[PDB]
Structure formats: C-alpha cells, structure tokens
C-alpha cells in the first residue's frame, strides 16, 4: 500500500477528489490518500506543510488552488510556489483525439513537454520609479538542457519521431535563443529523432489549422501555458486532459488546464475524465500499472458513450452518472 498526498484545491477540486477515492475503492487500489488543505490565507504555512507532505510521500494528486490576482505581489500563486519549491521541472500533457468526442479537428496526438520552474514564472518584479514596472524572465542553460533531455528521452521511449522546440528567439534573442541552443545540443545526441523549431505565434496558427503536423513539442513556461490550453481545447476542453509534473524524485498529478472551475463547482456537472486520467497516470508512476489500465479503459470506454457526456463536451449527464458508468465498467474487469 502506497501513501499519496492529496491536495483537494478549490472549485471542482474537492468534489472530483471524492470520485477519485470512490473509484479507487471499487477497483481495490492499494493507495491511501493523506489529505492536505491550502487555504486562501496570506500566510504560507499551509503551502509549506503541503510541500513537506509531498517531500515525504514523493507522489501527489492535486486540484487547482485559486490565485487571487487582486492581492499584493507578496501574495504569490500557491500552485507556482509548490511547483518551484519541489523543483517539478517537467510539465507533461498528452492531447489525443478521443473517438467519442467529435471536435473540429481529428487525428491529434501531441505530447507537450513544458519547462515548469523558470521563465516568466520566476516571480521577479520591481517598480524602479512610480508607474514603471519591470518583470524578469529568467532562462538558464541548466534548466533548458534538463527539459530538452526530458522531451527527447520521452520521444524515444514512447516511440515518437519528431521534437519541435517552440520559442520566440527571433525577438527574445538571448533568452529564447539560449533555450533553443540547449534543445539543439540534446538533438545531437538523439540523431534518430527529427528536431524542428517553430515560433510560438505561428505555432498557434498551425495548431488551429493543421494540428496533425505536431508530434512532441518542447518549450519554456509561458509558451507551454498557451500551447497546453490551445491543444486541450482542440481535443474537447479542460475536462478531458491529464497533466503530470515531474521532478527528479517528486511527482505531482493534476488536470492539464489547471483550472479552478469555480463557476461549475457544486453542481454535479464537472467532467471527471481529466482528474481520473491523472490518477491513472499517478498509478503508472507508482508502478501499479494493472490498476491504472483498468480505470483508464473504464473512463475511455465511458467517453465513447455520448450519453455519459457532461455539459463541457456538449452532453447532459451529471458527474455521478459518468462515475456510475466508469464504475460499472471496472467491476466487470476485476469480477
């Protein structure tokens, strides 16, 4: 039995965590969740104890913590503090077209590897004179090499063929230039993988017209934010895609789009797919591959059934009805 940190988060986080536990029970998953809450408190003790809990358990499943952007700059994103404190350097999401979820594009199969600790998320800002604000985007060789190594290794291990570095090196000559140069050094050690690069604006144009051209994509922090959400949208939205955050030792799992979803919270309409797929992802990481495969086949099979669809993908079903169907699919798998 494994002990895994669970951080319910805000909005749809807590309600979906209950369904994760419920699904884990029916599948007899040898996992015990140790819950840690993070309030809206300006004080950091909550987010620090959560870090401590993940340091101990090494693995976590979390909902999204709301960032109040009206508070002073001293009050920093708790999701970001967490991400960067634990040095979870690789944000990884897999956007794949689901046969049961018909959107404007099909045959999308994209692995996005996003630098997850650096860049425009460095929280370095100051006001030199009144009304003049500077924000410091930090790009380093160590972290750019690190994320490129990850993307190429992933591409090779999962039998992918192309890695596309996404950047703005034509304008951000030194910063994005360094990121790209680091990707290129790694590319020389993976001669069997096609390496390409694309400016981030053009990338978004290509994604909304011919997203089938992309295989693995690697990029710094903000561009990952953008591309993740574009690709998540192309395949059907926030309710479908799981996100992983990998460090050398720790790992934290969530939904790809990192959305609070406060406007649909507590209405039994949230799509449970992304969160459940994230928990399978976590089970694989824990080497509980058979449990991961049971649940993942159950949730994917339920998504084939239009009747099980929640409103976010144009259905009319409730969350609990989707879970009912997922559980129905599981208890015939394990007898």
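Numbering follows the first chain given and starts at 1.
**Student:** Do the CA atoms of 279-287 or those of 40-48 have the higher mean B-factor in the entry?
**Tutor:** On average, C-alpha B-factors are higher across 40-48.
**Student:** Return whichever of 270-278 and 24-32 has the greater mean Cα B factor according to the PDB record.
**Tutor:** The stretch with the larger average C-alpha B-factor is 24-32.
**Student:** Please work out which residue in 74, 257, 221, 140 has the highest C-alpha B-factor recorded for this crystal structure.
**Tutor:** Among 74, 257, 221, 140, the PDB entry lists the largest C-alpha B-factor for 74.
**Student:** Whose C-alpha has the highest temperature factor in the PDB entry: 119, 261, 247, 131?
**Tutor:** Answer for 119, 261, 247, 131: 131, with the highest C-alpha B-factor.
**Student:** If you rank the chain by CA B-factor, which third does residue 155 end up in: lowest, middle or highest?
**Tutor:** According to the entry, residue 155 has a C-alpha B-factor in the chain's middle third.
**Student:** Among the chain's modelled residues, which third holds the C-alpha B-factor of residue 177?
**Tutor:** According to the entry, residue 177 has a C-alpha B-factor in the chain's lowest third.
**Student:** Divide the modelled residues of the chain into thirds by Cα B-factor and specify which third, lowest, middle or highest, holds residue 107.
**Tutor:** Highest third of the chain for residue 107's C-alpha B-factor.
**Student:** Would you mind ranking residue 265 by its C-alpha B-factor against the rest of the chain and naming the third, lowest, middle or highest?
**Tutor:** Ranked within chain, residue 265 CA B lands in the middle tercile.
**Student:** Can you work out whether the C-alpha temperature factor of residue 313 puts it in the lowest, middle or highest third of the chain?
**Tutor:** Ranked within chain, residue 313 CA B lands in the middle tercile.
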